[PDB]
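Q: First, the structure itself, so that you have it in front of you.
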Amino acid sequence: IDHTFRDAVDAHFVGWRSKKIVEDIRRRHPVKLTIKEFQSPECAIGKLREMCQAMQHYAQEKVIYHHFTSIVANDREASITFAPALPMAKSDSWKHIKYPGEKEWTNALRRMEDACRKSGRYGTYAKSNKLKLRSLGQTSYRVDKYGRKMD
Amino acid sequence: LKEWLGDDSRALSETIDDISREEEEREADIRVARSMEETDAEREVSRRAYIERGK
Amino acid sequence: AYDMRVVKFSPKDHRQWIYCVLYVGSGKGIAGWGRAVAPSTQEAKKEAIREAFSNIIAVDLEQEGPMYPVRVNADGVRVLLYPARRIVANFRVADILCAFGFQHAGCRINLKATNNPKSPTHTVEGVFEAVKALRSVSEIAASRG
Amino acid sequence: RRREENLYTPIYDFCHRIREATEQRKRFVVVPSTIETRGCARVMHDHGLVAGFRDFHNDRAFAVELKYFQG
Amino acid sequence: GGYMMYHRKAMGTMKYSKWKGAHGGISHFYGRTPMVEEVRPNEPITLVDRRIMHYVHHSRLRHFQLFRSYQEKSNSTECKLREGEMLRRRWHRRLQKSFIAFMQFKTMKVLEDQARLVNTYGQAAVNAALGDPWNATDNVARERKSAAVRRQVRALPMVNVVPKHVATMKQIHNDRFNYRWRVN
Amino acid sequence: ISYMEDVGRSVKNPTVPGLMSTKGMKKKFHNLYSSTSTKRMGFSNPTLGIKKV
Amino acid sequence: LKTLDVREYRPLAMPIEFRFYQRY
Amino acid sequence: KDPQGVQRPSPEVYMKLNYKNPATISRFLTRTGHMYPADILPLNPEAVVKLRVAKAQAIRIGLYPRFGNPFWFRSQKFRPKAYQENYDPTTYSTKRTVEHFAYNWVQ
Amino acid sequence: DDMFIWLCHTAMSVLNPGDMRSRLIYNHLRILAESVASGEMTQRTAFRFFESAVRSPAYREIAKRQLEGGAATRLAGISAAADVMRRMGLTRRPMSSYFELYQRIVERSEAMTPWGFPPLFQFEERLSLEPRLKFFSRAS
Amino acid sequence: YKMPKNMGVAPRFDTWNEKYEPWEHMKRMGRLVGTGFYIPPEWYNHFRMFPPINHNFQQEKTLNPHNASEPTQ
Amino acid sequence: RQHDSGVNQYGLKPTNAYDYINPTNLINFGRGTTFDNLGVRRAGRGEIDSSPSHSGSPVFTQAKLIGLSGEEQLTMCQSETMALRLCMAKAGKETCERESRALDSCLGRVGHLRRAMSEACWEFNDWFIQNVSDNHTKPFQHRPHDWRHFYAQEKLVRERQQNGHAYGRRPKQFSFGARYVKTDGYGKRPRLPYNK
RNA sequence: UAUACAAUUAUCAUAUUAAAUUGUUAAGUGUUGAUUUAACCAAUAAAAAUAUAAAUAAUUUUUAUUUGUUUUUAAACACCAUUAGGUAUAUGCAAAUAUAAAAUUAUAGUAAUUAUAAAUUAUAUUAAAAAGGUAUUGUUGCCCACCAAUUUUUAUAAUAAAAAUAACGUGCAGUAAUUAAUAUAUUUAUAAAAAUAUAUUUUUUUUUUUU
Ligand SMILES: [Mg+2]
Ligand SMILES: [Mg+2]
Ligand SMILES: [Mg+2]
Ligand SMILES: [Mg+2]
Ligand SMILES: [Mg+2]
Ligand SMILES: [Mg+2]
Ligand SMILES: [Mg+2]
Ligand SMILES: [Mg+2]
Ligand SMILES: [Mg+2]
Ligand SMILES: [Mg+2]
Ligand SMILES: [Mg+2]
Ligand SMILES: [Mg+2]
Ligand SMILES: [Mg+2]
Ligand SMILES: [Mg+2]
Ligand SMILES: [Mg+2]
Ligand SMILES: [Mg+2]
């Protein structure tokens, strides 16, 4: 099972998708979280960190055990992989929920910075300066269609 | 009226089996339907290609 | 009335065709109406005119107006043509009924004037349909022997 | 068949028999026979709206002959 | 678990699975046997088989059996399919009658043509052209001609084609004998 | 027809099967060449492609 | 429901049954 | 003349459409023992009632098999087997018509 | 030229159009013909005029004294229909009338159900047949 | 929603006859000429005194196949 | 005049009010369309929109009728080909070209036969277009919903039997062996729906 | 602000002159094993056929009666979940499209409408010929829900309901649309929705007058 998601993502998504992925770990499946679409490497890991620090928060309360497997920090892919505990004999012999921590993060971070700097391309896409029409509803002042104030 | 059946059995059976074979290999040349022919690979390819079409 | 309709000859090719509704009349007892869809304005005008001369109706003026109510509907347009002391009608319907030389007719389209459907086309086709359903008194008398 | 429905009368369906038989251009109609119904027939035949009519002293019905002119 | 005989999994071959009923001689199939053919001496069983199969296929029995014996379908889809089948039949019948009513006219024009040939060449001549033995001096000629006609009239066994069964992926129809798409 | 002669029939299938296996090869029809669609406007018909037979 | 039409769809067909339902 | 035959079968046959005539049951079925659809072999409704009832009874008494037509060959005399050599002006067979057309044209 | 088609219909498409030599029915046909030429009438209207024209009281019951299945002989019809085109000035060269009226009938003689016609395609209507398949047409 | 191709131009199968029927033209032309302002065509000059038959009615208006509508056909 | 009354100068002549609002209908019925081809809605033959119709559904099986090129197709010579096949299979010492002569005779005739049948069939297409086909103008009869009114008549009946109550209702399907698996006191066969 | 439905034919929830209800039949062992499936995993496999006639038409059943939910698996299929099971189809309860109605939405104060069907849209093995569009120079077309702000009415249910609405983020539900859709039923749930049981075409058709 592989979950691919974008760089810009709501708190909402983080919540329900976290619960999903953990529910998938509980059933013994392969789990890999992947960002193949990103503005910056830094952002990409911002979200990997978000999703993971939500995941342990939720999966520790329902107490399902999995160990962190693989961090691939790369030009076109920013990804982490988790492996479940095989049996209740595996849960009692090794009882751990094992995650990366500041060292592994920051290290594969600088590794992504250098890996991406070497290829000369720092992201698949970047945000565009376009402003779509936006209503704010009730306002205290004059506002143009894009949601900006009148000088 | 019943059946003529030629004369000797094996000489008839040879013919029947021959023409069954010829029909088998004139059959094998008929176009199948796209769906029968293609794998699940290109099914999923065309699926994503369709979902994303709005861009 | 004049109007514009888009006519698609192909998925690329698009023409602008126009649409005419008119009525030919002479107060001496003969009128007719026509409509057409053509490429140009002049074209649709001429087409509508020969379509209106194809459909010419006449009216027996011995009686000068209908002697009984005619209740008749054109497509979706319910029309009442009834005897009156004078000519009473919508301005357009009125000079259509004048085109026939009716003195005593009176006529109403669709109960309330706000009732759907209402188009200039409908207004014309209605009164012409109604008049075309009208029976002369002589004809009625022979009809009963 | 129910409450909200109209309550029909021999006159009501006498008229509608004749109307529908006139639309289908029939020569004869069999029609309900009551006092005012065959009264109505005699009056219509007076004015010549109807070719003829007869009551056979049949209880239910009697018959009317329709007239067409100029098609 | 217990399966019917026309079920997919019916007669299984596995370490657990064991076939049910008396399987030989006087058997489980005793009064359940739809067809029986005594093989005529010196007749290959391939003609027998293709006769049986042509029969079943043309009368749409093999259609039915294949259809019902594979998947379940609600009585509504069964009705829809059967009545659709029957109404398509009705339509095509009313087409056939038209064709036939025309072909009898064509056949008439032909017979008429034959009449005109008759009064161009005379009746007897035309009969000559059609194989009339006016040259038959004695019975031996007659018996030669009629021996010819005998050797024509004797019917060699017809090998009638049975359309193959098409196995598709998830099997929307196991009635599938062609690759055309169908309305389920 | 030129050169007719009275010579006798041979044994059916005198020819030994070729070294290339025709059996192990799978037949491709629809995607074989590349095509250009003449579709002018609208969504392509779902029954031809995009629909299980 | 949404109070407006999300789609701009005008069919031009006028089946005689839809219009005069008194007679059909 | 009969779109749905009220003529088929002729009267005598009804007598034997009971449970104890396997033969006369059989002349109205297929070679598998199933009935023909109405628009294939049309039967007077009486005959259909009597027939499905018969086959039912006969089956539960053991006088007719649950599948198959045991009299299939014997019954062929009773069915109108139509020779391709004669022409019945009324057929839904489109083959036979064109066959005779062929024949005469070739003549 | 469509005139010849019309006349073909009056001749061959009508069972029992009375005795067509009689000056009465003859005048009916004459007038209607001159009204199909010069466009004063639709072909359909003139045909329905012809078959609905007034002939003689108790027409069918006098028809039982001549005809079995109500099909009269077609000679009077064709002789009258040629006569009318000759006496009216229809053609510049006299023979052409008769020839065309004759020829168009002879060609249709070979057709399946030759003297019956579908009522919609028989005459002018909104939807028509292609010029090859039109009935007494020169292009068949 | 699939429909037979030409339903757009489909004729009215009940009423398409009315337009062409001889009586209609007799009445219409009758009140046209009555005006004094129209020169009567000659067919009118003729059928003026030989008006068409009365009781011939179509099958569209009368839904009876067994009705023998025409004295002629 | 010089052409049809249902077709004027610019296209099909627009009679009903549908034509004036939607005048694409006058000039385009499809990709088989030409200008002479308006008012004749069927287009030429072998051409797009050339197919004749029968009660509204088009006739696309014509060859299958005369038995040229069909699976059910009529075969001219069988006895010959079988006879010759038998000859080939029996022995190699004697070779019979007599059989191959009877056969090639048979074929030589077959050619002309087939051209005849094809010609007669095209005449049938012409006749069918003139005297039968409605030119796609009438409603389909060939699919069950077109007959809905018929089925309605039957549902109505099963309702009046039920005291005019359950419309479209049918008996609950029970089980493969509902009758013999149920104890005394419970319904062993499916009842009328009103009876439940 | 007042100022004239229909009554010959109108599809969602106020039924009504009706003949049913009850039937104890079938099926099962020889032996050493790759069946089913596009693909996984559990693991004996065979099976449950019969009823017409008759019941009279209308006038005070509307608090009465009535519209596919059903004991028994030590019996299966089927379906649901997954090597550990659940369930496996009218003895409780249960009015309800077969139409009596007055412009759309909305619990009957919210927005200003809505709904709709035949024009147009290139590939379905005939001796080339049958096909659909919620789009409207038309699939690079439109649309669908959750997920923020705000606006406004109220009959405040995890977190009230409803209506306006132009962000952000998920997807890809719908236009026969990548396992056809639609309605009811029951279950399921990030969100459109999905699984199963029935009806059904506002889905595209493939056609044995005793073989
Ligand atoms: Mg208004
Ligand atoms: Mg179990
Ligand atoms: Mg709208
Ligand atoms: Mg549309
Ligand atoms: Mg659709
Ligand atoms: Mg179309
Ligand atoms: Mg087309
Ligand atoms: Mg109600
Ligand atoms: Mg509020
Ligand atoms: Mg709210
Ligand atoms: Mg989708
Ligand atoms: Mg779906
Ligand atoms: Mg779908
Ligand atoms: Mg649904
Ligand atoms: Mg969901
Ligand atoms: Mg649902």
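Letters for chains follow the order of the structure tokens (A, B, ...), residue numbers begin at 1 for each chain, and ligand numbers begin at 1 in the order shown.
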Taking only residues of chain K that have an atom at most 6 Å from an atom of chain E, what is each one's shortest atom pair and its distance in Å to one decimal, using only C-alpha atoms, in chain and number order, as a tab-separated table?
A:
```
residue	atom	partner	partner_atom	distance
K:79	CA	E:156	CA	6.0
K:142	CA	E:88	CA	5.1
K:143	CA	E:84	CA	5.4
K:144	CA	E:84	CA	5.4
```
Q: Go ahead and dump the residues you just picked, N, CA and C atoms, as a JSON list (two decimals), in the first residue's frame.
A:
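result-v6.json was written with the following content:
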```
[["chain", "number", "residue", "atom", "x", "y", "z"],
["K", 79, "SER", "N", -23.04, -31.80, -51.00],
["K", 79, "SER", "CA", -22.87, -33.18, -51.46],
["K", 79, "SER", "C", -21.61, -33.36, -52.30],
["K", 142, "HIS", "N", -39.08, -2.51, -30.40],
["K", 142, "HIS", "CA", -38.29, -3.71, -30.15],
["K", 142, "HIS", "C", -37.66, -3.86, -28.77],
["K", 143, "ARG", "N", -37.94, -2.96, -27.85],
["K", 143, "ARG", "CA", -37.43, -3.10, -26.48],
["K", 143, "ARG", "C", -38.56, -2.97, -25.47],
["K", 144, "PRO", "N", -38.53, -3.78, -24.41],
["K", 144, "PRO", "CA", -39.64, -3.97, -23.48],
["K", 144, "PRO", "C", -40.27, -2.69, -22.93]]
```
Q: Give me, as a ChimeraX atom specification, the set of residues whose atoms come within 8 Å of any atom of ligand 13, counting only C-alpha atoms (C1' of nucleotides) and all ligand atoms.
A: /L:174,177,180-181
Q: Dump the neighbourhood of ligand 4 as a ChimeraX atom specification: all residues within 8 Å, distances computed on only C-alpha atoms (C1' of nucleotides) and all ligand atoms.
A: /G:11 /J:1 /L:117,133
Q: Residues of chain B within 10 Å of chain E, using only C-alpha atoms, as a ChimeraX atom specification?
A: /B:1-17,19-20,23-24,27,30-37
Q: Residues as selected, C-alpha atoms, written as a CSV table (one decimal), in the first residue's frame, can you do that?
A:
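Wrote part_23.csv, looks like this:
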```csv
chain,number,residue,atom,x,y,z
B,1,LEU,CA,-34.1,-42.2,-45.5
B,2,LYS,CA,-32.1,-42.7,-42.3
B,3,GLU,CA,-28.5,-41.9,-43.1
B,4,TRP,CA,-26.2,-42.8,-46.1
B,5,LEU,CA,-22.9,-42.6,-44.0
B,6,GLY,CA,-20.7,-43.1,-47.1
B,7,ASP,CA,-19.0,-46.5,-46.9
B,8,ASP,CA,-16.0,-46.7,-44.4
B,9,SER,CA,-16.0,-45.0,-41.0
B,10,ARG,CA,-12.5,-43.7,-40.6
B,11,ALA,CA,-12.5,-42.0,-44.0
B,12,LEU,CA,-15.5,-40.0,-42.9
B,13,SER,CA,-14.1,-39.1,-39.4
B,14,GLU,CA,-10.9,-37.8,-41.1
B,15,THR,CA,-12.9,-35.3,-43.1
B,16,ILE,CA,-15.1,-34.1,-40.2
B,17,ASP,CA,-12.0,-33.5,-38.1
B,19,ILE,CA,-13.1,-29.3,-41.4
B,20,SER,CA,-13.4,-28.7,-37.7
B,23,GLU,CA,-13.0,-23.7,-38.9
B,24,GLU,CA,-10.9,-23.4,-35.8
B,27,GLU,CA,-12.0,-18.4,-36.3
B,30,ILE,CA,-11.4,-12.6,-35.9
B,31,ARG,CA,-10.9,-9.2,-34.1
B,32,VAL,CA,-11.6,-9.4,-30.4
B,33,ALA,CA,-13.0,-6.5,-28.3
B,34,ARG,CA,-10.6,-3.9,-26.9
B,35,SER,CA,-11.4,-4.9,-23.4
B,36,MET,CA,-10.6,-8.5,-23.9
B,37,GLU,CA,-7.2,-7.7,-25.5
```
Q: Would you mind listing, as number ranges by chain, all residues of chain G that have at least one atom within 6 Å of chain L, where only C-alpha atoms (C1' of nucleotides) are what counts?
A: G: 3, 22-24
Q: Find the residues near ligand 9. Use a cut-off of 9 Å, count only C-alpha atoms (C1' of nucleotides) and all ligand atoms, and write them as a list in words.
A: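 Counting only C-alpha atoms (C1' of nucleotides) and all ligand atoms, the residues within 9 Å of ligand 9 come out as residues 151, 152, 153 and 154 of chain L.
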Q: Go ahead and write the residues just picked, C-alpha atoms (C1' of nucleotides), as a PDB file, in the first residue's frame.
A:
```pdb
ATOM      1  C1'   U L 151     -24.831  36.944   5.308  1.00  0.00           C
ATOM      2  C1'   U L 152     -29.867  35.778   6.737  1.00  0.00           C
ATOM      3  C1'   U L 153     -34.355  33.253   8.683  1.00  0.00           C
ATOM      4  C1'   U L 154     -35.925  30.539  12.157  1.00  0.00           C
TER       5        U L 154
END
```
Q: Find the residue from L:131, L:7, L:64, L:161 that sits nearest to ligand 5; use only C-alpha atoms (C1' of nucleotides) and all ligand atoms when measuring.
A: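 Nearest candidate to ligand 5 out of L:131, L:7, L:64, L:161: L:131.
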Q: Which residues come within 12 Å of residue 76 (chain A), counting only C-alpha atoms (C1' of nucleotides), excluding same-chain residues fewer than 4 positions away, as an MDAnalysis selection string?
A: chainID A and resid 34:41 44 72 112:113 115:117 119:125
Q: Quick one: residues within 8 Å of region 88-93 of chain H, only C-alpha atoms (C1' of nucleotides) counted, chain neighbours fewer than 5 positions away excluded, as a count of residues only?
A: 4
Q: Check chain A with DSSP on the backbone and list each residue it calls strand (DSSP E), as a list in words.
A: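 Across chain A, those assigned strand (DSSP E) are residues 2, 3, 4, 31, 32, 33, 34, 35, 66, 67, 68, 69, 70, 71, 72, 73, 78, 79, 80, 81, 82, 83 and 84 of chain A.
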Q: For N, CA, C and O atoms, I'd like the residues from the last selection saved as a PDB file, in the first residue's frame.
A:
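What follows is the written file out.pdb:
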```pdb
ATOM      1  N   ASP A   2       0.638   2.123  -0.990  1.00  0.00           N
ATOM      2  CA  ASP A   2       1.363   3.386  -1.052  1.00  0.00           C
ATOM      3  C   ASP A   2       0.423   4.594  -1.132  1.00  0.00           C
ATOM      4  O   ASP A   2      -0.480   4.661  -1.973  1.00  0.00           O
ATOM      5  N   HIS A   3       0.659   5.541  -0.226  1.00  0.00           N
ATOM      6  CA  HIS A   3      -0.087   6.792  -0.160  1.00  0.00           C
ATOM      7  C   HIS A   3       0.746   7.941  -0.703  1.00  0.00           C
ATOM      8  O   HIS A   3       1.753   8.328  -0.108  1.00  0.00           O
ATOM      9  N   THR A   4       0.328   8.484  -1.836  1.00  0.00           N
ATOM     10  CA  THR A   4       0.988   9.653  -2.388  1.00  0.00           C
ATOM     11  C   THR A   4       0.108  10.876  -2.175  1.00  0.00           C
ATOM     12  O   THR A   4      -1.082  10.847  -2.485  1.00  0.00           O
ATOM     13  N   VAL A  31       3.314   0.093   4.376  1.00  0.00           N
ATOM     14  CA  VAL A  31       2.908   1.501   4.386  1.00  0.00           C
ATOM     15  C   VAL A  31       4.065   2.436   4.057  1.00  0.00           C
ATOM     16  O   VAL A  31       5.092   2.461   4.749  1.00  0.00           O
ATOM     17  N   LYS A  32       3.881   3.205   2.990  1.00  0.00           N
ATOM     18  CA  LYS A  32       4.867   4.179   2.556  1.00  0.00           C
ATOM     19  C   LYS A  32       4.160   5.502   2.280  1.00  0.00           C
ATOM     20  O   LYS A  32       3.183   5.555   1.532  1.00  0.00           O
ATOM     21  N   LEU A  33       4.644   6.564   2.912  1.00  0.00           N
ATOM     22  CA  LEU A  33       4.130   7.909   2.684  1.00  0.00           C
ATOM     23  C   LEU A  33       5.080   8.673   1.777  1.00  0.00           C
ATOM     24  O   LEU A  33       6.278   8.792   2.062  1.00  0.00           O
ATOM     25  N   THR A  34       4.527   9.193   0.688  1.00  0.00           N
ATOM     26  CA  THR A  34       5.322   9.718  -0.408  1.00  0.00           C
ATOM     27  C   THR A  34       4.864  11.114  -0.820  1.00  0.00           C
ATOM     28  O   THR A  34       3.666  11.367  -0.939  1.00  0.00           O
ATOM     29  N   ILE A  35       5.815  12.020  -1.020  1.00  0.00           N
ATOM     30  CA  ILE A  35       5.520  13.274  -1.701  1.00  0.00           C
ATOM     31  C   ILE A  35       6.280  13.357  -3.022  1.00  0.00           C
ATOM     32  O   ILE A  35       7.508  13.521  -3.050  1.00  0.00           O
ATOM     33  N   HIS A  66       4.261  -0.426  15.409  1.00  0.00           N
ATOM     34  CA  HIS A  66       4.972  -0.464  14.135  1.00  0.00           C
ATOM     35  C   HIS A  66       6.332   0.212  14.268  1.00  0.00           C
ATOM     36  O   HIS A  66       6.492   1.170  15.034  1.00  0.00           O
ATOM     37  N   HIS A  67       7.313  -0.286  13.521  1.00  0.00           N
ATOM     38  CA  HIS A  67       8.630   0.343  13.508  1.00  0.00           C
ATOM     39  C   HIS A  67       8.862   1.083  12.195  1.00  0.00           C
ATOM     40  O   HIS A  67       8.446   0.641  11.117  1.00  0.00           O
ATOM     41  N   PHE A  68       9.519   2.231  12.318  1.00  0.00           N
ATOM     42  CA  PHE A  68       9.935   3.024  11.175  1.00  0.00           C
ATOM     43  C   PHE A  68      10.997   2.261  10.375  1.00  0.00           C
ATOM     44  O   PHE A  68      11.992   1.796  10.937  1.00  0.00           O
ATOM     45  N   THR A  69      10.787   2.145   9.064  1.00  0.00           N
ATOM     46  CA  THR A  69      11.715   1.413   8.196  1.00  0.00           C
ATOM     47  C   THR A  69      12.649   2.350   7.427  1.00  0.00           C
ATOM     48  O   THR A  69      13.834   2.463   7.759  1.00  0.00           O
ATOM     49  N   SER A  70      12.113   3.041   6.417  1.00  0.00           N
ATOM     50  CA  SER A  70      12.993   3.680   5.414  1.00  0.00           C
ATOM     51  C   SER A  70      12.740   5.168   5.129  1.00  0.00           C
ATOM     52  O   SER A  70      11.633   5.552   4.774  1.00  0.00           O
ATOM     53  N   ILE A  71      13.766   6.008   5.254  1.00  0.00           N
ATOM     54  CA  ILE A  71      13.645   7.372   4.731  1.00  0.00           C
ATOM     55  C   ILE A  71      14.417   7.532   3.424  1.00  0.00           C
ATOM     56  O   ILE A  71      15.646   7.510   3.424  1.00  0.00           O
ATOM     57  N   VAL A  72      13.698   7.689   2.314  1.00  0.00           N
ATOM     58  CA  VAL A  72      14.354   8.029   1.057  1.00  0.00           C
ATOM     59  C   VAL A  72      14.118   9.525   0.777  1.00  0.00           C
ATOM     60  O   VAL A  72      12.992   9.973   0.499  1.00  0.00           O
ATOM     61  N   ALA A  73      15.207  10.287   0.898  1.00  0.00           N
ATOM     62  CA  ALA A  73      15.223  11.729   0.647  1.00  0.00           C
ATOM     63  C   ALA A  73      15.966  11.997  -0.658  1.00  0.00           C
ATOM     64  O   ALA A  73      17.187  11.846  -0.754  1.00  0.00           O
ATOM     65  N   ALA A  78      10.043  12.493  -1.844  1.00  0.00           N
ATOM     66  CA  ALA A  78      10.355  12.604  -0.417  1.00  0.00           C
ATOM     67  C   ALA A  78       9.490  11.622   0.365  1.00  0.00           C
ATOM     68  O   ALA A  78       8.286  11.830   0.500  1.00  0.00           O
ATOM     69  N   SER A  79      10.092  10.559   0.895  1.00  0.00           N
ATOM     70  CA  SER A  79       9.269   9.463   1.406  1.00  0.00           C
ATOM     71  C   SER A  79       9.780   8.743   2.657  1.00  0.00           C
ATOM     72  O   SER A  79      10.989   8.633   2.889  1.00  0.00           O
ATOM     73  N   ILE A  80       8.832   8.236   3.445  1.00  0.00           N
ATOM     74  CA  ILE A  80       9.137   7.447   4.644  1.00  0.00           C
ATOM     75  C   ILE A  80       8.318   6.148   4.611  1.00  0.00           C
ATOM     76  O   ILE A  80       7.242   6.111   4.022  1.00  0.00           O
ATOM     77  N   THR A  81       8.840   5.088   5.225  1.00  0.00           N
ATOM     78  CA  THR A  81       8.203   3.778   5.211  1.00  0.00           C
ATOM     79  C   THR A  81       8.147   3.197   6.625  1.00  0.00           C
ATOM     80  O   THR A  81       9.169   3.190   7.341  1.00  0.00           O
ATOM     81  N   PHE A  82       6.952   2.726   7.007  1.00  0.00           N
ATOM     82  CA  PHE A  82       6.699   2.070   8.305  1.00  0.00           C
ATOM     83  C   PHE A  82       6.376   0.582   8.160  1.00  0.00           C
ATOM     84  O   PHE A  82       5.641   0.198   7.245  1.00  0.00           O
ATOM     85  N   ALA A  83       6.933  -0.242   9.052  1.00  0.00           N
ATOM     86  CA  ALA A  83       6.626  -1.676   9.133  1.00  0.00           C
ATOM     87  C   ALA A  83       5.926  -2.059  10.443  1.00  0.00           C
ATOM     88  O   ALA A  83       6.439  -1.750  11.523  1.00  0.00           O
ATOM     89  N   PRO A  84       4.754  -2.723  10.353  1.00  0.00           N
ATOM     90  CA  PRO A  84       4.050  -3.244  11.544  1.00  0.00           C
ATOM     91  C   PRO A  84       4.807  -4.347  12.321  1.00  0.00           C
ATOM     92  O   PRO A  84       5.767  -4.913  11.790  1.00  0.00           O
TER      93      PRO A  84
END
```
Q: Quick one: which chain D residues come within 10 Å of chain L, and what is the nearest atom pair for each with the distance in Å to one decimal, counting only C-alpha atoms (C1' of nucleotides), rows ordered by chain and ascending number, as JSON lines?
A:
```
{"residue": "D:3", "atom": "CA", "partner": "L:100", "partner_atom": "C1'", "distance": 9.6}
{"residue": "D:4", "atom": "CA", "partner": "L:100", "partner_atom": "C1'", "distance": 6.4}
{"residue": "D:5", "atom": "CA", "partner": "L:100", "partner_atom": "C1'", "distance": 7.8}
{"residue": "D:6", "atom": "CA", "partner": "L:7", "partner_atom": "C1'", "distance": 7.4}
{"residue": "D:16", "atom": "CA", "partner": "L:8", "partner_atom": "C1'", "distance": 8.5}
{"residue": "D:20", "atom": "CA", "partner": "L:8", "partner_atom": "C1'", "distance": 9.2}
```
Q: Could you please take those selected residues and save N, CA and C atoms as a short mmCIF file (atom, residue, chain, number, x, y, z; two decimals), in the first residue's frame?
A:
```
data_model
loop_
_atom_site.label_atom_id
_atom_site.label_comp_id
_atom_site.auth_asym_id
_atom_site.auth_seq_id
_atom_site.Cartn_x
_atom_site.Cartn_y
_atom_site.Cartn_z
N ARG D 3 -65.59 10.22 -4.18
CA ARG D 3 -66.31 11.37 -3.66
C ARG D 3 -66.05 12.68 -4.41
N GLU D 4 -64.78 12.95 -4.69
CA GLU D 4 -64.37 14.20 -5.33
C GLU D 4 -64.83 14.27 -6.77
N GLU D 5 -65.04 13.11 -7.38
CA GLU D 5 -65.47 13.02 -8.77
C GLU D 5 -66.83 13.67 -8.96
N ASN D 6 -67.06 14.17 -10.17
CA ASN D 6 -68.36 14.71 -10.52
C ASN D 6 -69.41 13.62 -10.50
N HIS D 16 -71.76 14.20 -24.48
CA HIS D 16 -70.42 13.76 -24.83
C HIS D 16 -70.43 12.58 -25.82
N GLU D 20 -68.37 13.06 -29.30
CA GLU D 20 -67.34 12.13 -29.72
C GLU D 20 -67.72 11.38 -30.99
#
```
Q: Once you count only C-alpha atoms (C1' of nucleotides) and all ligand atoms, which residues end up within 12 Å of ligand 2, and could you hand them over as a PyMOL selection string?
A: (chain E and resi 1-2) or (chain L and resi 42-44+73+75-77+85-88)
Q: Can you tell me which residues surround region 14-29 of chain J at a distance of at most 8 Å, considering only C-alpha atoms (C1' of nucleotides), apart from same-chain residues fewer than 2 positions away, and format the answer as an NGL selection string?
A: (:C and (57-58)) or (:D and (70-71)) or (:I and (42 or 44-46 or 48-49)) or (:J and (11-12 or 31-33 or 40 or 44 or 52 or 60-61))
Q: Show me which residues are within 10 Å of ligand 11 counting only C-alpha atoms (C1' of nucleotides) and all ligand atoms, and format the list as an NGL selection string.
A: (:B and (47 or 50-51)) or (:L and (144 or 172-175 or 177-178))
Q: Quick one: residues within 10 Å of residue 134 (chain K), only C-alpha atoms (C1' of nucleotides), excluding same-chain residues fewer than 6 positions away - as an NGL selection string?
A: (:I and (120)) or (:J and (6 or 10)) or (:K and (52-58 or 128))
